[PDB]
């Protein structure tokens, strides 16, 4: 009884770090935007299994963790064989893993008569990824706290957006480790910026994790510089590696990408 579900990516339309929390760990402000860029997930009745087309081991897979935890918290034994075709590259700063977790858990929770409630499902996926509960609502939301405290917003942003993803996998942990006092802003500063972005002022986007990721991973910087050369303002999603801009891909971009092994994703918002 196999079904297919799409699992969307996000971009961060701006990110600010307010400071360190005892638990690791950083308080942030960000604007999440869902983008029409999807992993395809085939769910079939069978023995619990989570496979991808890109060799993520089952034990490492957020979706598998999530479904084992579902078993724990619910006392129901899950009989679903999961295959995920990963178009959203891990380490691209687009929340593909967290998306997979949220959508699969939401689906399996329905397919099993809805044992968990909206707030529980959210606490479950949220426990694994701070990221992950944005994907239970989608569209556009402000993330506060560590990204889990969400406020749905209506954005005045539309038209072409292009993603340029280099074949470096940004380690978010290594990015947060280059953070210094100098990178933090006040929440009031960030809230004014986000308001402006929400009203369609894309030039107000900025992200210190991107600034850092460009220093640590020279290839992110190479893409950034290339996008400027092409005559667009570049921006960085998550803590990289993705660079995006508000325009279309030229043939010269497509050529540079094929040659360098960058993925170019043209979308419309």
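Here, rigid core means the biggest group of C-alpha atoms that superpose within 1.5 Å across both forms. Residue numbers count along the first chain shown, from 1.
Here the rigid core sets the fit, and in 5 other deposited structures of this protein the C-alphas of 176-184 stray farther than those of the other stretch, out of 134-142 and 176-184. Look at the C-alpha B-factors of 201-209 and of 42-50. On average they run higher in 42-50. For the segment pair 220-228 and 22-30, the entry gives 22-30 the higher mean B-factor, averaged over Cα atoms. Which of 147, 96, 187, 173 has the largest Cα B-factor in the deposited entry comes down to 173. Going by the entry's values, 128 shows the largest Cα B-factor out of 84, 88, 104, 128. The entry lists a Cα temperature factor for residue 140 that places it in the middle third of the chain's modelled residues. Residue 196: CA B factor lies in the lowest third for its chain, per the PDB record.
Ranked by C-alpha B-factor against the other modelled residues of its chain, residue 233 falls in the lowest third.
Residue 161 sits in the middle third of its chain by CA B factor, as recorded in the PDB entry.
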